[PDB]
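Residue-level structural notes
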There are 4 protein chains.
Amino acid sequence: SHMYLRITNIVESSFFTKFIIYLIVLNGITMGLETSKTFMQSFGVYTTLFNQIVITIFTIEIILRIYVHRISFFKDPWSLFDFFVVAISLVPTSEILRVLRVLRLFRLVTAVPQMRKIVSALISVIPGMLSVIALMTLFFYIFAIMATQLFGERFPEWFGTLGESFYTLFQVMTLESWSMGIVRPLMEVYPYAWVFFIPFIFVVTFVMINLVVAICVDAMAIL
Amino acid sequence: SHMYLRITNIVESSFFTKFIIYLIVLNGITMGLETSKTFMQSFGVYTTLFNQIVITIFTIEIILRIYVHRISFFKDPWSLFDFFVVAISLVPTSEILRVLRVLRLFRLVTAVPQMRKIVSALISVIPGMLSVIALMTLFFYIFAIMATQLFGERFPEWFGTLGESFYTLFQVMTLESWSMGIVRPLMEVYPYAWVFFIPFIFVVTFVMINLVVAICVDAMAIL
Amino acid sequence: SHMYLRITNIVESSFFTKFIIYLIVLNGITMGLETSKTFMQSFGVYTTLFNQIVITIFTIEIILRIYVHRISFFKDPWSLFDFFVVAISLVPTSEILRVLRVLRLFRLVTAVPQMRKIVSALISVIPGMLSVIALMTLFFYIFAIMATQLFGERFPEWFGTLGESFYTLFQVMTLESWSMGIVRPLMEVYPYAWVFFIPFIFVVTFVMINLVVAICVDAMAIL
Amino acid sequence: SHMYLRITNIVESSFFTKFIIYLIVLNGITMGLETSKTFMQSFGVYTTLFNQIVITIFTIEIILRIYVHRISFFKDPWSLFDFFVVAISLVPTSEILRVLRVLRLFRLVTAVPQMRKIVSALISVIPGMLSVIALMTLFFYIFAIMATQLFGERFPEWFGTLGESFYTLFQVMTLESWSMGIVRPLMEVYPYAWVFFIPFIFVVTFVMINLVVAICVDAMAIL
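- As recorded in the entry header, the structure was determined using X-ray crystallography to a resolution of 3.002 Å.

- The name given to chain A in the PDB entry is Ion transport protein, and the organism recorded there is Arcobacter butzleri.

Here you go:
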């Protein structure tokens, strides 16, 4: 436990932490410049090396963190996250993982404590509401089944499939185009379709308000 | 009261209750597979028998529950529900009742106590707001009448009928396409239509917020 | 003050009040049947006489109420209302007043005390918020002027006039079609229009939430 | 400090303040009449001189305020504002500044204390939420980058550029046309696009509710 104390004083360093945060902001700026095709045509090599650099440094960092923290590291969600977001980035382009790499910019939430407080407030609120979520999901499922067989033969895009009915009922819940776009069309064939979707909007768009209030009191009380 | 005590120990059984819940989840999965026309073409018989099985078991269950609970059974809303949702399912396809059968999946709310607490909180909130509901319904009715005769001759789809005006005013209340889709069209013929619908949106979409707050405090206080 | 005590015991009667309420509900049903052109072609005379009857009875009622209550009658808003809604109905069809007659169905709010409590709660909340209203109205006016001259030459339907800009900014505030319908079109000519409407949506749709909370706490505290 | 006390009694005058407010309301009315092309063709000269008058008086006023208040003037935000909104108006039409001149009507908020209380309540709430804002902005940025490269090749108008993806994600957050207008189109090419936008709507449209509650409690508690 001689060298172990040496890398512990490096890992626990105020410089080390600040150095990591400096790269995250740098890489975040860089990942937004990779958006410009103009910029990329002239600096893709400069950037792709910088991308391969920052990921090695982030890999060294994780390995150090593991030696210093041992099994306590995997008890930490913020570290588990940091782990999975460099592992994703470690797998080569051989093609959607190339896009998930930008999730590493969320380390700026992990690495910055002022941010963790907010996320953790929000995430801890959720298990209390897990029961209302299962009510609405059961409610969606019961109605998604009904709508599939109530309107999916004549309206396949919106209701031809359980998942399609799930998606459309979600859209109705957000109220987006629910009447002009969906229910008025359905009423040219099924004049009583409003007996299905008006009760659905009452229940769901009012249960949601409770789910809203509940979540947004627990977080208020915690902080 | 000798055999009565025997079926009471069966009905009140932890196994019995758990056995019923196991079927509900099974049937719920099954009722979602009946959505796939692919799956149905190959397993419709397997499923339709399973449907006829689960409904007999649910019928036996209700009859037992009635012998055990006698008139206390019909004093129980959760049991009245369970009753009406197997009766609906008992009537054959001879054709919308075939769809209402899936309402039996809501027994998963009845059979699971962790769920009843949430529903019952919500339902008990409602009688307090019944007075605001009757205000808005009177408000809709007074304005539905006005709009029918104010714009139903030139705009029959939206306002040609009391019920059509009711439906459109409900759509305006949710604010969906209210201007681009309804009021701007009306203003090509009736340039002052906004004197009707802007006050309607103020009142209704602000009374609704009160109805929202009221309901979503009573439920918060009850729990 | 001999006959005065006689009509006071009639006006203050539980029968009298209940008799008036009976007509309001009757007339309300009748005013909804006048919506059906089918019904009207066969019963217009029956109804139009019934309309002329109920309005005479309502006129007698108001005159009695005035003799009994004298100047206290005009100190009462609920009576002032009842007054103006039979006066409107008194003016003949010689043509929008024919439609405002249905406002008499709001006497069902006046005549029923269980309803007055709710309305009066809401109306008393308003003077406290009158200051935030004047902020938003000043805000609309300042931006309605800007948008008229910022986009009314190339977009006359939405912004060619102060009032047209007022109407469109109100639509943007409700968020209805604000991007697909208005700002994306504007950005084909004015690529920076989003510098105008995104700050406008922030401020207004967030001030509104305060105006919402304020109103919907005062009413909650009053009741 | 002899003449200094003279202009201090003028600046601090109840007449002086009231005289300034009288012009603001006058100019505000006038700036709305400059909207009418009819009115302008006949009274542009009358108005443009009145505009050049009011701005000189407002300039004299600011100079007096500076002599009286010295460095305390620039410590005052309400005065800094008044300063910058006459300076903007001082620069000639030589062309968007011609439109920003109407921002001087906001002096009616500055000059009227009943209004400052409301604005200042709102503005002081904001620094507490500055941390949640930076979360959502980081969240937008991470997703704006993803969407640009996830859909900007086949959907350039909505996602071809970081800023375009920023604008569209803002539109999705307000929920305007999010499904009919954006995600359903995307799903004709990218059938799993809903795996991107449904989680985005959950997080953002629920974090926003917290940002809403937080802001609209601080302001409620302050007042």
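1. Describing the overall build of chain A
- Looking only at helices and strands, chain A features twelve helices and zero strands.
- When the helices and strands of chain A are read in sequence order from the N terminus, they spell out α-α-α-α-α-α-α-α-α-α-α-α.
- For chain A, whose C-alpha radius of gyration is 25 Å, the value lies well above the compact-globule estimate of 17 Å for 223 residues.
- Principal-axis analysis of the C-alpha atoms gives chain A an extent of 75 × 50 × 25 Å.

2. Quick look at the relation of the copies chain D and chain A
- Of the two same-sequence chains, chain D is brought onto chain A (RMSD 0.0 Å, axial shift 0.0 Å) by a rotation of 90 degrees. Seen this way, the second copy is the image of the first under a four-fold rotation axis.
- Of the interface residues in chain D, just 3% have counterparts in chain A that sit at the interface too, so the contact is made through distinct surfaces.

3. Some details on the interface of chain C and chain D
- Chain C puts 32 residues into the contact, and the matching count from chain D is 34 residues.
- Taken together, the elements giving at least two residues each to the side of chain C that touches chain D come down to α8 (113-151), α11 (178-187) and α12 (194-222) of chain C.
- Take the side of chain C that touches chain D: its biggest share by element is 14 residues, from α8 of chain C.
- Grouping the constituent residues of the side of chain C that touches chain D by class yields 24 nonpolar, six polar and two charged.

4. So, the relation of the copies chain C and chain D
- Placing chain C over chain D gives an RMSD of 0.0 Å and needs a rotation angle of 90 degrees, together with 0.0 Å of translation along the axis.
- An asymmetric contact is evident, with only 3% of the interface residues of chain C recurring at the interface of chain D.

5. A short note on the interface of chain D and chain A
- Chain D puts 32 residues into the contact, and the matching count from chain A is 34 residues.
- Of all the secondary structure elements, the ones that give two or more residues to the side of chain D that touches chain A are α8 (113-151), α11 (178-187) and α12 (194-222) of chain D.
- A per-element tally of the side of chain D that touches chain A places α8 of chain D first, with 14 residues.
- Its residues assigned to classes, the side of chain D that touches chain A comprises 24 nonpolar, six polar and two charged.

6. Examining unusual backbone geometry
All names here are of chain B.
- Not every positive phi belongs to a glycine, and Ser 177 is a case in point at roughly 55 degrees.
- The topology assignment puts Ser 177 in the loop between α10 (162-173) and α11 (178-187).
- Overall, the relative accessible area of 17% leaves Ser 177 in the buried class.

7. As for the domain arrangement of chain A
All names here are of chain A.
- Per the domain assignment, the segments making up chain A are domain 1 (1-113) and domain 2 (114-223).
- In this assembly, six residues from domain 1 lie in contact with six residues from domain 2.
- The element that contributes the greatest number of residues to the side of domain 1 that touches domain 2 is helix α7 (residues 107-111), accounting for three residues.

8. What about the pattern of salt bridges?
- Taken as a whole, this structure holds 16 salt bridges over all chains when the rule is applied.
- A salt bridge links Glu 61 of chain B to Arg 65 of chain B; the shortest N-O distance between them is 2.8 Å. Placement of both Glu 61 of chain B and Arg 65 of chain B in helix α3 (residues 37-69) is noted, with a separation of four residues, approximately one turn of the helix. Of the two residues, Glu 61 of chain B and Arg 65 of chain B, neither departs from the other in class, the shared state being buried.
- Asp 82 of chain C is the salt-bridge partner of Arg 107 of chain C, the closest N and O atoms lying 2.7 Å from each other. As far as burial versus exposure is concerned, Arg 107 of chain C and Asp 82 of chain C are alike and both buried.
- Salt bridges linked by common partners bring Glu 61, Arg 65, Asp 82 and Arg 107 of chain A together as one network.

9. A look at a nonpolar patch on the surface
Residue and element names in this part refer to chain A.
- Side chains of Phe 43, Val 45, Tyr 46 and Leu 49 sit close together on the surface and give an oily, nonpolar patch of about 460 Å² of accessible area.
- Along the polypeptide, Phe 43 turns up in helix α3 (residues 37-69).
- Overall, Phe 43 belongs to the partly exposed group, its relative accessible area being 39%.

10. What about the packing of α11 of chain C against helix α10 (residues 162-173) of chain D?
- With their axes 11 Å apart at the nearest point, α11 of chain C and α10 of chain D run at an angle of 155 degrees to one another. On the basis of their axis angle, the class for α11 of chain C and α10 of chain D is roughly antiparallel. When you trace α11 of chain C past α10 of chain D, the crossing you get is right-handed. For the pair α11 of chain C and α10 of chain D, the contacting residues are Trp 178, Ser 179, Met 180, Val 183, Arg 184 and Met 187 of chain C in the first and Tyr 167, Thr 168, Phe 170 and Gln 171 of chain D in the second.
- Taken together, the residues that form the contact of α11 of chain C with α10 of chain D break down as six nonpolar, three polar and one charged.

11. Observations concerning the packing of helix α2 (residues 14-33) of chain A against α3 of chain A
All names here are of chain A.
- As a packed pair, α2 and α3 sit with axes 10 Å apart at the nearest point and diverge in direction by 150 degrees. The angle between α2 and α3 places the two elements in the roughly antiparallel class. Taken as a pair, α2 and α3 cross one another with a handedness that is left-handed. Residue-level inspection shows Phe 16, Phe 19, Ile 20, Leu 23, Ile 24, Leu 26, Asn 27, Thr 30, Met 31 and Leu 33 of α2 in contact with α3, the latter providing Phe 39, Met 40, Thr 47, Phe 50, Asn 51, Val 54, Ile 57, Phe 58, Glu 61 and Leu 64.

12. Side note on the environment of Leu 135 of chain B
- Take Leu 135 of chain B: it is sitting in helix α8 (residues 113-151).
- The contact partners of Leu 135 of chain B, leaving out residues within four places of it in the chain, are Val 109, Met 115 and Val 119 of chain C.

13. Describing the nonpolar core
- By size, the foremost hydrophobic cluster in this structure holds 166 residues, and its most contacted members are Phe 197 of chain A, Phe 197 of chain B, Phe 197 of chain C together with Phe 197 of chain D.
- Setting aside residues up to four positions removed in sequence, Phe 197 of chain D forms contacts with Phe 151, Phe 159, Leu 169, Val 172, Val 183 and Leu 186 of chain D.
- Core analysis: the second largest hydrophobic core is formed by 23 residues, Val 132 of chain A together with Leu 122, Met 129 and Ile 215 of chain B among them.

14. Here we look at the environment of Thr 148 of chain B
- Along the polypeptide, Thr 148 of chain B turns up in helix α8.
- Among the residues examined, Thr 148 of chain B registers a relative accessible area of 8% and is labelled buried.
- Dropping the residues within four chain positions of it, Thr 148 of chain B is found in contact with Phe 159, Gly 160, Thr 161, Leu 162 and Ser 165 of chain B together with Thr 35 of chain C.
- In terms of polar contacts, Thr 148 of chain B uses its side chain to reach the backbone carbonyl oxygen of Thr 161 of chain B, at 3.3 Å.

15. Regarding the packing of aromatic side chains
- Enumeration over the complete set of coordinates arrives at 96 aromatic pairs over all chains.
- Seen from their ring centres, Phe 139 of chain D and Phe 143 of chain D are 4.5 Å apart, and the 25 degrees between their planes marks the pair as stacked. Of the two residues, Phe 139 of chain D and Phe 143 of chain D are both situated in helix α8; the distance of four residues between them amounts to about one turn of the helix. Grouping residues by exposure puts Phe 139 of chain D and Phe 143 of chain D together as buried.
- Over the face of the ring belonging to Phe 58 of chain A we find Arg 107 of chain A, whose NZ or CZ atom lies 5.5 Å from the ring centre.

16. Considering the state of the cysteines
- If you walk through the whole model with that rule in mind, you get zero disulfides over all chains.
- With no disulfide of its own, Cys 216 of chain D lies closest to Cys 216 of chain A among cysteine sulfurs, the gap being 12 Å.
- For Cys 216 of chain D, a relative accessible area of 5% corresponds to the buried category.

Rules used in this analysis
- Residues numbered from 1 in each chain as written, not as in the entry; some residues may be left out.
- Chains lettered and ligands numbered in written order.
- Heavy atoms only, no water.
- Residues with missing side-chain atoms left out of burial classes, pairs and counts.
- Helix = DSSP H or I, 4+ residues; strand = E, 2+ residues; numbered from the N terminus.
- Rg over C-alpha atoms; globule rule 2.2 N^0.38 Å.
- Least-squares fit on C-alpha atoms.
- Contact = heavy atoms within 4.5 Å.
- Nonpolar A, V, L, I, M, F, W, Y, C, P; charged D, E, K, R; others polar.
- Buried < 20%, exposed > 50% of the residue type's maximum accessible area, 1.4 Å probe, protein only.
- Domains from an automatic or database assignment.
- Salt bridge = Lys/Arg side-chain N within 4 Å of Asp/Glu carboxyl O.
- Patch = residues over 30% accessible without salt bridge, like charges linked within 9 Å, V, L, I, M, F, W, Y side chains within 5 Å.
- Areas by Shrake-Rupley, 256 points an atom, 1.4 Å probe, with all protein chains shown as cover.
- Axes fitted to C-alpha atoms, helices over the stretch in contact; angles between N-to-C directions.
- Parallel < 35°, antiparallel > 145°, perpendicular 65-115°, else oblique.
- Left-handed = near helix turned anticlockwise from the far one by under 90°.
- Core = buried A, V, L, I, M, F, W, Y, C linked by side-chain atoms within 4.5 Å.
- Polar contact = N/O pair within 3.5 Å; in protein donor to acceptor, adjacent residues only side chain to side chain.
- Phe/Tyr/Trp six-rings, centres within 6.5 Å; stacked < 30°, edge-to-face > 60°.
- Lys NZ or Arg CZ within 6 Å of the ring centre and 35° of its normal.
- Disulfide = S-S within 2.5 Å.

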